[PDB]
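Below is start-v9.txt, which holds compact mmCIF, N, CA and C atoms.
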```txt
# COMPACT_ATOMS: atom_id res chain seq x y z
N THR A 331 179.80 103.69 48.48
CA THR A 331 180.07 102.76 49.57
C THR A 331 179.91 101.31 49.12
N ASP A 332 179.07 101.06 48.12
CA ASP A 332 178.90 99.71 47.59
C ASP A 332 179.94 99.44 46.50
N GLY A 333 179.84 98.27 45.89
CA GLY A 333 180.67 97.96 44.74
C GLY A 333 180.14 98.64 43.49
N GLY A 334 180.84 98.40 42.38
CA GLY A 334 180.42 98.97 41.11
C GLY A 334 179.05 98.48 40.71
N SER A 335 178.96 97.21 40.32
CA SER A 335 177.70 96.51 40.08
C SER A 335 176.73 97.36 39.25
N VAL A 336 177.10 97.58 37.99
CA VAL A 336 176.22 98.30 37.08
C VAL A 336 174.90 97.56 36.93
N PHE A 337 174.97 96.24 36.75
CA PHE A 337 173.79 95.38 36.74
C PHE A 337 173.89 94.39 37.89
N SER A 338 172.76 94.14 38.54
CA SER A 338 172.70 93.21 39.66
C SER A 338 171.46 92.34 39.53
N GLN A 339 171.61 91.06 39.86
CA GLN A 339 170.50 90.12 39.90
C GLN A 339 170.19 89.82 41.36
N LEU A 340 168.95 90.12 41.77
CA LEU A 340 168.54 90.00 43.17
C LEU A 340 167.85 88.65 43.35
N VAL A 341 168.56 87.72 43.99
CA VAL A 341 168.05 86.38 44.24
C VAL A 341 168.03 86.15 45.74
N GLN A 342 166.87 85.79 46.27
CA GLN A 342 166.76 85.50 47.70
C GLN A 342 167.18 84.07 48.01
N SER A 343 166.72 83.11 47.21
CA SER A 343 167.11 81.72 47.37
C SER A 343 166.93 81.01 46.05
N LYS A 344 167.70 79.94 45.86
CA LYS A 344 167.66 79.15 44.64
C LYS A 344 166.96 77.81 44.80
N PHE A 345 167.01 77.22 45.99
CA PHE A 345 166.41 75.91 46.21
C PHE A 345 166.17 75.72 47.70
N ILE A 346 164.91 75.62 48.10
CA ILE A 346 164.53 75.41 49.49
C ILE A 346 163.58 74.23 49.56
N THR A 347 163.86 73.29 50.45
CA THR A 347 162.99 72.14 50.67
C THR A 347 161.95 72.50 51.72
N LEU A 348 160.68 72.52 51.33
CA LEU A 348 159.63 72.92 52.25
C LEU A 348 159.35 71.84 53.28
N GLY A 349 159.30 70.59 52.86
CA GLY A 349 159.05 69.50 53.78
C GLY A 349 158.71 68.23 53.03
N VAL A 350 158.58 67.15 53.80
CA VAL A 350 158.25 65.83 53.28
C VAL A 350 157.06 65.30 54.06
N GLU A 351 156.05 64.82 53.34
CA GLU A 351 154.85 64.24 53.93
C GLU A 351 154.81 62.76 53.60
N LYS A 352 154.78 61.92 54.62
CA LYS A 352 154.79 60.47 54.46
C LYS A 352 153.39 59.92 54.65
N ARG A 353 152.92 59.13 53.69
CA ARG A 353 151.60 58.52 53.72
C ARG A 353 151.75 57.00 53.72
N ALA A 354 150.61 56.31 53.63
CA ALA A 354 150.62 54.85 53.73
C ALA A 354 151.36 54.21 52.57
N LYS A 355 151.12 54.68 51.35
CA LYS A 355 151.71 54.07 50.16
C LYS A 355 152.43 55.07 49.27
N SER A 356 152.68 56.29 49.73
CA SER A 356 153.33 57.30 48.91
C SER A 356 153.87 58.40 49.82
N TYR A 357 154.67 59.28 49.22
CA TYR A 357 155.17 60.45 49.93
C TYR A 357 155.29 61.60 48.94
N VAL A 358 155.21 62.82 49.47
CA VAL A 358 155.20 64.04 48.67
C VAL A 358 156.25 64.99 49.22
N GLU A 359 156.97 65.65 48.31
CA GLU A 359 157.99 66.63 48.67
C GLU A 359 157.70 67.94 47.96
N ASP A 360 158.19 69.03 48.55
CA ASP A 360 157.95 70.37 48.03
C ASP A 360 159.25 71.16 47.97
N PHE A 361 159.34 72.05 46.99
CA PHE A 361 160.49 72.92 46.83
C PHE A 361 160.02 74.30 46.37
N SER A 362 160.85 75.30 46.64
CA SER A 362 160.49 76.68 46.35
C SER A 362 161.76 77.51 46.17
N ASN A 363 161.58 78.70 45.60
CA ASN A 363 162.68 79.63 45.38
C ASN A 363 162.11 81.04 45.28
N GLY A 364 162.99 82.02 45.40
CA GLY A 364 162.58 83.41 45.36
C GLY A 364 163.56 84.26 44.58
N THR A 365 163.03 85.31 43.95
CA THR A 365 163.83 86.22 43.15
C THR A 365 163.11 87.56 43.07
N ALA A 366 163.87 88.59 42.68
CA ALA A 366 163.33 89.94 42.58
C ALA A 366 163.66 90.62 41.25
N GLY A 367 164.24 89.89 40.30
CA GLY A 367 164.55 90.47 39.01
C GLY A 367 165.93 91.09 38.96
N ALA A 368 166.10 91.98 37.98
CA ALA A 368 167.36 92.67 37.76
C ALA A 368 167.19 94.16 38.01
N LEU A 369 168.25 94.79 38.51
CA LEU A 369 168.23 96.21 38.85
C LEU A 369 169.44 96.90 38.22
N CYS A 370 169.19 98.01 37.53
CA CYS A 370 170.24 98.81 36.92
C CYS A 370 170.50 100.02 37.80
N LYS A 371 171.74 100.15 38.28
CA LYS A 371 172.09 101.20 39.23
C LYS A 371 172.82 102.38 38.60
N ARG A 372 173.50 102.17 37.47
CA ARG A 372 174.26 103.22 36.79
C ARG A 372 173.86 103.24 35.32
N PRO A 373 172.76 103.92 34.98
CA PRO A 373 172.29 103.92 33.59
C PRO A 373 173.26 104.56 32.61
N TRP A 374 174.19 105.39 33.08
CA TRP A 374 175.11 106.09 32.18
C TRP A 374 176.19 105.18 31.61
N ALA A 375 176.30 103.94 32.08
CA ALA A 375 177.33 103.02 31.62
C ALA A 375 176.77 101.91 30.73
N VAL A 376 175.61 102.14 30.10
CA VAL A 376 174.95 101.14 29.28
C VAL A 376 174.64 101.74 27.91
N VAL A 377 174.96 100.99 26.86
CA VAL A 377 174.61 101.35 25.49
C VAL A 377 173.95 100.14 24.84
N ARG A 378 172.83 100.36 24.17
CA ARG A 378 172.04 99.27 23.61
C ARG A 378 171.59 99.62 22.20
N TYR A 379 171.55 98.60 21.33
CA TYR A 379 171.10 98.74 19.95
C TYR A 379 169.88 97.86 19.73
N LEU A 380 168.88 98.39 19.01
CA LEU A 380 167.63 97.67 18.82
C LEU A 380 167.69 96.71 17.64
N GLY A 381 168.06 97.21 16.47
CA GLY A 381 168.05 96.38 15.28
C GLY A 381 169.41 95.79 14.95
N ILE A 382 169.61 94.53 15.30
CA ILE A 382 170.86 93.82 15.05
C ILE A 382 172.04 94.57 15.65
N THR B 331 135.21 62.07 106.54
CA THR B 331 136.25 61.49 105.68
C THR B 331 136.28 62.17 104.32
N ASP B 332 136.05 63.48 104.33
CA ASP B 332 135.91 64.26 103.11
C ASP B 332 136.12 65.72 103.46
N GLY B 333 136.38 66.54 102.44
CA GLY B 333 136.63 67.95 102.67
C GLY B 333 135.40 68.79 102.91
N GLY B 334 134.21 68.21 102.77
CA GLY B 334 132.99 68.98 102.93
C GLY B 334 132.76 69.92 101.77
N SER B 335 132.92 71.22 102.02
CA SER B 335 132.90 72.30 101.03
C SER B 335 131.53 72.53 100.40
N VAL B 336 130.51 71.73 100.75
CA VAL B 336 129.15 71.91 100.26
C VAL B 336 129.10 71.79 98.74
N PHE B 337 129.71 72.76 98.05
CA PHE B 337 129.79 72.76 96.60
C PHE B 337 131.14 72.23 96.15
N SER B 338 131.17 71.68 94.94
CA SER B 338 132.40 71.17 94.35
C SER B 338 132.29 71.23 92.84
N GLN B 339 133.40 71.57 92.18
CA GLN B 339 133.49 71.58 90.73
C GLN B 339 134.35 70.40 90.30
N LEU B 340 133.79 69.53 89.47
CA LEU B 340 134.46 68.30 89.04
C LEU B 340 135.10 68.57 87.68
N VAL B 341 136.42 68.74 87.68
CA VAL B 341 137.19 69.01 86.47
C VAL B 341 138.15 67.86 86.26
N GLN B 342 138.02 67.18 85.12
CA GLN B 342 138.93 66.08 84.80
C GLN B 342 140.29 66.60 84.38
N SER B 343 140.33 67.66 83.59
CA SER B 343 141.59 68.25 83.15
C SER B 343 141.33 69.65 82.63
N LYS B 344 142.33 70.52 82.79
CA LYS B 344 142.24 71.89 82.29
C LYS B 344 142.69 72.02 80.84
N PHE B 345 143.81 71.39 80.49
CA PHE B 345 144.41 71.58 79.17
C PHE B 345 145.37 70.45 78.84
N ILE B 346 145.06 69.67 77.80
CA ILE B 346 145.93 68.60 77.34
C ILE B 346 146.06 68.69 75.83
N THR B 347 147.16 68.15 75.32
CA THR B 347 147.42 68.09 73.89
C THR B 347 147.19 66.67 73.38
N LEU B 348 146.56 66.57 72.21
CA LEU B 348 146.21 65.28 71.64
C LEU B 348 147.31 64.75 70.71
N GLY B 349 147.69 65.53 69.71
CA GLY B 349 148.73 65.11 68.79
C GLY B 349 149.07 66.23 67.83
N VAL B 350 150.15 66.01 67.09
CA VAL B 350 150.65 66.97 66.11
C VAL B 350 150.73 66.29 64.76
N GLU B 351 150.15 66.92 63.74
CA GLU B 351 150.22 66.44 62.37
C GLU B 351 151.00 67.45 61.54
N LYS B 352 152.07 66.99 60.90
CA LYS B 352 152.94 67.84 60.10
C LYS B 352 152.69 67.55 58.62
N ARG B 353 152.49 68.61 57.85
CA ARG B 353 152.21 68.51 56.42
C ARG B 353 153.36 69.15 55.64
N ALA B 354 153.19 69.21 54.32
CA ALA B 354 154.26 69.71 53.46
C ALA B 354 154.52 71.20 53.69
N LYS B 355 153.46 71.99 53.86
CA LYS B 355 153.59 73.44 53.97
C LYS B 355 153.00 74.00 55.26
N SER B 356 152.52 73.14 56.16
CA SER B 356 151.90 73.61 57.39
C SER B 356 151.85 72.46 58.39
N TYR B 357 151.37 72.77 59.59
CA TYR B 357 151.18 71.75 60.61
C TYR B 357 149.98 72.14 61.48
N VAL B 358 149.35 71.13 62.07
CA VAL B 358 148.13 71.30 62.85
C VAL B 358 148.32 70.68 64.22
N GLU B 359 147.88 71.38 65.26
CA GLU B 359 147.91 70.89 66.62
C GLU B 359 146.52 70.97 67.22
N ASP B 360 146.22 70.03 68.12
CA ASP B 360 144.89 69.91 68.70
C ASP B 360 144.98 69.84 70.22
N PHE B 361 143.95 70.35 70.88
CA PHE B 361 143.89 70.39 72.33
C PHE B 361 142.48 70.07 72.79
N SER B 362 142.36 69.71 74.07
CA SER B 362 141.07 69.31 74.62
C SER B 362 141.09 69.48 76.13
N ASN B 363 139.90 69.41 76.73
CA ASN B 363 139.74 69.48 78.17
C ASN B 363 138.47 68.73 78.56
N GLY B 364 138.28 68.54 79.86
CA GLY B 364 137.13 67.81 80.35
C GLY B 364 136.63 68.39 81.66
N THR B 365 135.31 68.30 81.84
CA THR B 365 134.66 68.79 83.05
C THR B 365 133.35 68.05 83.25
N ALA B 366 132.82 68.14 84.47
CA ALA B 366 131.58 67.47 84.82
C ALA B 366 130.54 68.38 85.46
N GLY B 367 130.83 69.66 85.62
CA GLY B 367 129.88 70.60 86.19
C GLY B 367 130.05 70.80 87.68
N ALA B 368 128.97 71.25 88.31
CA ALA B 368 128.95 71.54 89.73
C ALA B 368 128.06 70.54 90.46
N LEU B 369 128.47 70.20 91.69
CA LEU B 369 127.75 69.23 92.51
C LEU B 369 127.49 69.83 93.88
N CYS B 370 126.25 69.72 94.34
CA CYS B 370 125.85 70.20 95.66
C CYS B 370 125.75 69.00 96.60
N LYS B 371 126.69 68.92 97.55
CA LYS B 371 126.75 67.76 98.43
C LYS B 371 125.96 67.97 99.72
N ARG B 372 125.75 69.22 100.13
CA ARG B 372 125.03 69.54 101.36
C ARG B 372 123.97 70.59 101.05
N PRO B 373 122.82 70.17 100.53
CA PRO B 373 121.78 71.13 100.14
C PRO B 373 121.07 71.81 101.30
N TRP B 374 121.39 71.46 102.55
CA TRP B 374 120.74 72.07 103.69
C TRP B 374 121.36 73.41 104.08
N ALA B 375 122.42 73.84 103.41
CA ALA B 375 123.12 75.07 103.74
C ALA B 375 123.04 76.10 102.61
N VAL B 376 121.98 76.04 101.81
CA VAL B 376 121.81 76.95 100.67
C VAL B 376 120.45 77.61 100.78
N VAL B 377 120.42 78.93 100.65
CA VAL B 377 119.19 79.71 100.57
C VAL B 377 119.34 80.69 99.41
N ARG B 378 118.36 80.68 98.51
CA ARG B 378 118.44 81.51 97.31
C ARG B 378 117.08 82.11 97.00
N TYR B 379 117.10 83.25 96.30
CA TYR B 379 115.91 84.00 95.94
C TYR B 379 115.80 84.11 94.43
N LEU B 380 114.58 83.97 93.91
CA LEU B 380 114.37 84.06 92.47
C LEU B 380 114.45 85.50 91.99
N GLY B 381 113.58 86.36 92.51
CA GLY B 381 113.72 87.78 92.25
C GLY B 381 114.87 88.37 93.04
N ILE B 382 115.46 89.43 92.48
CA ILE B 382 116.57 90.13 93.12
C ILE B 382 117.75 89.21 93.38
```

Do you think you could lay out the structure here as structure tokens?
Amino acid sequence: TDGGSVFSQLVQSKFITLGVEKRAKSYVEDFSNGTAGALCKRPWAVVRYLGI
Amino acid sequence: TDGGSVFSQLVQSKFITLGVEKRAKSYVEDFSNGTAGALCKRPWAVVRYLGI
């Protein structure tokens, strides 16, 4: 029912601005991101070599 | 020129909000209230027992 996608990278977000805090003589900003790694769904379609 | 009521509860306010402070990753809100206790305006209409 899904696509082929032998390898998939699970990313929730790449760049989120948390907020801005303003002070008397300075200000601070925050950023964040989320990920879950890589997932292999069809191991029978992968061939790998260790030494060169 | 008054409601009588013998007893009275002096409440300045039940629930008010003071201010909101917003930070980079959270925010804080504050609340307050005021009261003055109970007042007996007609002490000639009260009878009470210590025991029981």

Could you write out as a count of residues only the residues of chain B within 7 Å of chain A, counting only N, CA and C atoms?
4

Please provide as a PyMOL selection string all residues within 10 Å of region 363-377 of chain B, with the sequence filter that same-chain residues fewer than 6 positions apart are discarded (counting only C-alpha atoms).
chain B and resi 334-347

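Here atom N of residue 379 (chain A) stands at a distance of 23.8 Å from atom C of residue 333 (chain A).
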
Return as a PyMOL selection string the full set of residues in chain B whose backbone-based DSSP assignment is strand (DSSP E).
chain B and resi 337-352+357-370

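Atom N of residue 331 (chain B) is found 28.7 Å from atom C of residue 378 (chain B).
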